[PDB]
Amino acid sequence: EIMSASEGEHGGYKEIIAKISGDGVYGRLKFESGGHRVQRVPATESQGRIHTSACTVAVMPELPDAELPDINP
Amino acid sequence: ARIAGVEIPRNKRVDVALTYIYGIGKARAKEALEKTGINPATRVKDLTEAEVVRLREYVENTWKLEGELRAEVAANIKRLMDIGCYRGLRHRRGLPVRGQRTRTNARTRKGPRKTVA
Amino acid sequence: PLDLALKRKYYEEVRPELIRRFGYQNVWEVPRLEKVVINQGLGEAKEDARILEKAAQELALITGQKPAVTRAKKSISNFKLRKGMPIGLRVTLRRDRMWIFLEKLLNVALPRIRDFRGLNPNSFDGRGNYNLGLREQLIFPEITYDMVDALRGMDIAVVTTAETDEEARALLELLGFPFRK
Amino acid sequence: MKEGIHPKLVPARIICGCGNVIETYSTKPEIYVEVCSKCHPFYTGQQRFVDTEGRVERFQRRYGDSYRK
RNA sequence: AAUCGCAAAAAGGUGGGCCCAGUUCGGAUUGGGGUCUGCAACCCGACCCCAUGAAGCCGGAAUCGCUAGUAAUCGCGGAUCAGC
RNA sequence: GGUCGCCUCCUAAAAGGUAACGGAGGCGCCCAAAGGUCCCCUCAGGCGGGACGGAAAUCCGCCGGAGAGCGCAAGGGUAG
RNA sequence: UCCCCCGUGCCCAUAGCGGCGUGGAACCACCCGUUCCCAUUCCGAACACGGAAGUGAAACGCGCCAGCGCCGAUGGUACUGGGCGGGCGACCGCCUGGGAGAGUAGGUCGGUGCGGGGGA
RNA sequence: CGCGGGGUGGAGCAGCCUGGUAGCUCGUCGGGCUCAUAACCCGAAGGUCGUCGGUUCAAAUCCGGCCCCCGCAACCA
RNA sequence: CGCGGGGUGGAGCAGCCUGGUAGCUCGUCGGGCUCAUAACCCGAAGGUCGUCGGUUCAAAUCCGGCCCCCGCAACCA
Ligand SMILES: [Mg+2]
Ligand SMILES: [Mg+2]
Ligand SMILES: [Mg+2]
Ligand SMILES: [Mg+2]
Ligand SMILES: [Mg+2]
Ligand SMILES: [Mg+2]
Ligand SMILES: [Mg+2]
Ligand SMILES: [Mg+2]
Ligand SMILES: [Mg+2]
Ligand SMILES: [Mg+2]
Ligand SMILES: [Mg+2]
Ligand SMILES: [Mg+2]
Ligand SMILES: [Mg+2]
Ligand SMILES: [Mg+2]
Ligand SMILES: [Mg+2]
Ligand SMILES: [Mg+2]
Ligand SMILES: [Mg+2]
Ligand SMILES: [Mg+2]
Ligand SMILES: [Mg+2]
Ligand SMILES: [Mg+2]
Ligand SMILES: [Mg+2]
Ligand SMILES: [Mg+2]
Ligand SMILES: [Mg+2]
Ligand SMILES: [Mg+2]
Ligand SMILES: [Mg+2]
Ligand SMILES: [Mg+2]
Ligand SMILES: [Mg+2]
Ligand SMILES: [Mg+2]
Ligand SMILES: [Mg+2]
Ligand SMILES: [Mg+2]
Ligand SMILES: [Mg+2]
Ligand SMILES: [Mg+2]
Ligand SMILES: [Mg+2]
Ligand SMILES: [Mg+2]
Ligand SMILES: [Mg+2]
Ligand SMILES: [Mg+2]
Ligand SMILES: [Mg+2]
Ligand SMILES: [Mg+2]
Ligand SMILES: [Mg+2]
Ligand SMILES: [Mg+2]
Ligand SMILES: [Mg+2]
Ligand SMILES: [Mg+2]
Ligand SMILES: [Mg+2]
Ligand SMILES: [Mg+2]
Ligand SMILES: [Mg+2]
Ligand SMILES: [Mg+2]
Ligand SMILES: [Mg+2]
Ligand SMILES: [Mg+2]
Ligand SMILES: [Mg+2]
Ligand SMILES: [Zn+2]
C-alpha cells in the first residue's frame with residue numbers, strides 16, 4: 001500500500017514510498033537499498049540515442065515507535 | 001388471464017399473435033395453424049370462439065410454454081452449475097458460455113461497462 | 001339462504017366427511033368459514049389521485065359489495081406517507097355473499113392464474129386461518145381487458161372455527177383448495 | 001346491507017372453456033372463462049400435460065451403445 | 001473440362017402479406033436436439049432445426065473515405081486449407 | 001461572565017412551606033375544531049399468516065390493564 | 001326457610017390466568033330469518049327487528065384441583081418519637097414507647113345484599 | 001392606524017400613451033459561424049396579466065373591494 | 001477554564017436562520033486534440049455532513065454532552 005507518491009508527468013512517480021506488509025519482507029528486500037542504473041533508449045527520446053539514468057531506492061524495516069507517556073513529576 | 005398462458009395481441013393477426021407466447025416462435029406458429037386448420041392471416045378477435053377453443057388446448061398440451069417452459073430452462077442451468085461443468089462455471093460467474101472472446105465485448109453476459117482506473 | 005353449489009358441497013358432503021375423519025360430539029364443533037376478507041394494499045395512490053377509486057369499482061365488481069377505505073395508522077417518512085392519508089381497501093364477506101366468492105374463486109379464478117401449481121400448504125396460520133396473495137385482479141371473469149389500467153393484487157384472507165391447521169387443511173382441501181405437496 | 005352503493009347480484013350463467021355451464025351468481029350475467037376446475041392440470045389429479053419426465057435427459061438419453069460385458 | 005460440374009448471382013421485376021409498435025424492425029444471448037470434418041470438437045470449430053429475441057428509435061468531444069462508372073450499395077470467386 | 005416573570009420535577013427531612021451563582025427541563029403559544037353534546041369504538045407492543053411490501057404501509061388470527069394516546073415541558077391523572 | 005337459574009349492587013384478585021368436568025325442563029346464550037323499525041366509514045360481526053328449527057360447540061353458570069398470579073402471619077431485625085452514654089475525632093452504643101420492608105409457616109379457584117323465575 | 005404604487009415567464013421589465021397593439025435583454029432550447037470559452041446571426045418555447053367582481057362592442061391600460069412585497073410620514077400608554 | 005465563531009467528497013467554501021432538497025471552484029478518473037506534455041474540449045466518479053446522545057413521521061439543518069480548531073477576555077490591588 002503506497003503512502004507518499006509524488007507523480008512524474010510521464011511516467012513515474014518521481015518519488016514514491018510504500019508500506020509492504022507481511023512476513024520475511026525485510027529479509028528479501030534488504031539488499032535493494034542503493035542506486036539502480038538503467039541503460040536504454042528512453043520514451044522521451046527526441047531521436048535515437050540510448051540514455052543512462054539512475055534511481056536510488058531505500059528499504060527501511062518496520063520501526064516499533066513509542067512517544068514518552070507525557071511527562072513525569 | 002387468457003389463451004394460452006396470457007392474452008395475445010387482439011389487434012394484429014393470429015399467426016403473429018402466437019409468437020407473443022413464451023414458448024412459440026414463427027415456426028411453431030405456422031404449425032399451430034396447420035394442425036388446427038385455422039385461417040392464417042385473420043385477426044385475433046375475428047376468430048370465432050369455435051376456432052378459438054380448438055386452438056386453445058392444442059398448444060397448451062403440445063409443448064412447454066411460459067413459466068412451465070421457463071421452469072425447465074431454469075432447471076437446466078441449475079444442474080449444470082451443480083455438477084461443476086465448464087458450461088456451468090461460466091453460468092456461475094455470469095460470463096458467456098458458448099465459447100466467445102472475453103478480452104472484448106461479451107457485454108450481454110457482463111451487463112453495462114464496469115470501467116475502473 | 002340461497003342455492004349455492006359450495007354451500008351445498010359443504011353441508012351435503014364436506015361437513016359429514018369432517019365428522020368421519022375427526023368425529024365430533026356436537027354439531028357446532030364442526031369447522032366452518034365465517035369471514036372472507038379481501039385487502040388490496042394499494043397505498044401507491046398515497047398522496048396521489050383517487051386512482052384507487054377505480055380499484056374500488058373493480059373490487060366491488062368481484063364481491064357484490066362496496067369496500068370501505070383504510071387509512072394510515074402511524075405516519076412513515078421512508079414510505080412518503082403521512083398518517084391518516086388513505087392507503088388501502090378492505091371488504092369483508094360474510095354469509096351468502098362469501099360463498100358466492102369462493103364458489104367463483106375455487107372454480108373460475110384460481111386456475112386462470114399464471115402457472116398455477118397449487119396453494120402453498122405451509123401458508124397456514126395456526127389457530128385455524130388461511131391466507132394467500134394475488135398480484136393480478138383481472139383473474140376473475142367479471143374483470144375484462146379495458147376495465148384494467150394496471151395490475152392490482154390483493155390479500156385474500158379466510159377464517160374458520162377450526163382449533164388448528166389440521167381441521168383447516170382438511171376443511172379447505174375438501175372444499176376445493178388445491179395444494180402443492 | 002347498506003343498499004345504495006352496492007352492485008346487483010344477478011343470477012349468472014358462466015360458459016367455460018370446456019363447454020361447462022357453471023351455475024352460480026355474479027355481478028356480470030354472461031361471463032365466459034378460459035380454464036376452470038374441470039380441466040386444469042393442478043386441479044384434477046396429478047394429470048400429465050406436455051411434461052412427462054423432463055426431455056431425454058440425462059441417464060436415459062440412449063441413442064447409442066457400445067458395451068456387451 | 002470454352003464439353004461436365006461448383007452455380008441459385010444478389011440487388012432487380014412481378015405477386016402477396018406487414019402498418020410505425022423494441023414492431024414480421026434488430027438477431028445478440030441462452031436452453032434443448034442433431035449434421036459434417038477429423039484419432040479426437042471439454043477448454044476450442046463451422047453449419048442445421050426448435051425455443052429464447054438482449055443492447056440498440058441514428059450515436060458526446062472528436063474523426064475517416066472517396067471527384068466518375070468513382071463514392072454508396074448488391075452479390076460471386078479465390079489464395080490458405082481435413083475442417084473452420 | 002451568568003441570571004431577572006411564569007410552568008414541571010427534585011433538593012424539601014411522609015400536612016402546607018422552605019435557601020443557595022443547588023440538580024434537571026419547559027413557557028411568552030396553539031385549536032371554529034383540538035370546542036358543546038348525543039352515540040358508538042379501545043391502545044402500544046409481541047408471535048404466527050399475508051402479491052408488489054421492506055424493521056415498520058394496509059389485512060387476518062391469537063396474545064395484552066395499560067408500558068399507547070391525551071397539540072407542545074414535566075408531573076399527576078386517565079380505557080368503568 | 002332449602003337448592004337451581006335471571007337481573008343487580010356491595011367487598012375490590014383469598015374473587016384472576018390456566019387446566020378439568022358439568023348444566024338446557026326453566027333461564028340465558030349462541031342460533032333461525034332480513035319484510036318492517038334500526039344498523040355497517042364494507043360485512044345483520046356489531047347494533048336492530050320478527051322469531052324458536054337446532055344446540056350447549058362457543059359464551060356464560062356450576063363445581064374440581066395450587067403451575068402462574070394474588071394473599072401472607074408468628075418470631076427477629078432495619079428504622080425511629082423521647083431520654084441518655086463513650087471516643088480526640090470519623091461513628092458506634094444503652095434505657096423507654098412505637099415498628100416495617102424482604103423472607104419463612106401458611107392461605108386462596110370467592111364472599112355477599114336486594115329483587116325476580118323455578119324447584120321440595 | 002393613516003398615505004404612496006406594484007407582481008405581468010424563471011429573474012430584471014416599458015407596455016401603465018390617451019381602452020382595440022402582450023415587448024426588450026439575459027435565461028433555456030435547436031441551427032449558424034467556431035482552435036476555442038465567447039461575442040456574434042436565424043428560429044423556438046414561456047405571460048394565467050395579484051385576486052374576486054363591476055363598466056365597455058373590446059381593456060395588463062378604468063373603477064369597488066381585497067391578497068401581498070416594497071416604498072411614505074407619524075405614533076408608541 | 002469566561003464569551004463568540006467553526007468541523008460537509010482529497011484541498012478550500014456554500015447549504016443550517018426556515019427540517020424533507022448535499023452545491024461551487026480546484027483536484028482525481030475515463031475519452032478527445034497534439035509528435036508528445038500542458039492549456040483546451042467531452043463524460044464520470046467521489047462525502048452518509050467531528051462525535052456521542054435526544055426531538056421528530058423524517059435531521060447536514062433543531063436540542064444537550066464531549067473532542068478538535070479559531071478569535072475575544074483575563075482588570076483594581
Ligand atoms: Mg518530488
Ligand atoms: Mg517530499
Ligand atoms: Mg358435491
Ligand atoms: Mg375466532
Ligand atoms: Mg424487388
Ligand atoms: Mg445463436
Ligand atoms: Mg427514430
Ligand atoms: Mg452583566
Ligand atoms: Mg418528597
Ligand atoms: Mg431525605
Ligand atoms: Mg394553609
Ligand atoms: Mg392492535
Ligand atoms: Mg397489533
Ligand atoms: Mg409477519
Ligand atoms: Mg433493511
Ligand atoms: Mg392495572
Ligand atoms: Mg417540544
Ligand atoms: Mg404522565
Ligand atoms: Mg316467610
Ligand atoms: Mg386438573
Ligand atoms: Mg355436557
Ligand atoms: Mg360436555
Ligand atoms: Mg344429562
Ligand atoms: Mg333445549
Ligand atoms: Mg321443551
Ligand atoms: Mg355473538
Ligand atoms: Mg318452542
Ligand atoms: Mg329446543
Ligand atoms: Mg365436580
Ligand atoms: Mg413482626
Ligand atoms: Mg446510658
Ligand atoms: Mg481513648
Ligand atoms: Mg479526627
Ligand atoms: Mg473522627
Ligand atoms: Mg466513623
Ligand atoms: Mg462526623
Ligand atoms: Mg428499641
Ligand atoms: Mg390470607
Ligand atoms: Mg431568474
Ligand atoms: Mg355589457
Ligand atoms: Mg376586462
Ligand atoms: Mg427593500
Ligand atoms: Mg474541506
Ligand atoms: Mg496536448
Ligand atoms: Mg467507482
Ligand atoms: Mg469513497
Ligand atoms: Mg443524532
Ligand atoms: Mg437522529
Ligand atoms: Mg444542559
Ligand atoms: Zn372451464
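This entry, so its header tells us, was determined using X-ray crystallography, 3.5 Å.
Placed from the backbone N, Cα and C atoms, the Cβ positions cover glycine too.
Here is what Swiss-Prot records for this protein:
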- D:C16, D:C18, D:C36, D:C39: Zn(2+) binding site (BINDING)
Could you name the residues, excluding D:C16, D:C18, D:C36, D:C39, of the same chain that surround the Zn(2+) site, i.e. Cβ within 8 Å of the Cβ centre of those residues, in sequence order?
D:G17, D:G19, D:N20, D:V33, D:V35, D:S37, D:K38, D:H40
Smallest number of other CB atoms within 10 Å: among the binding-site residues D:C16, D:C18, that is D:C18
Coarse DSSP state, helix versus strand versus coil, of D:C16 (Zn(2+) binding site):
coil
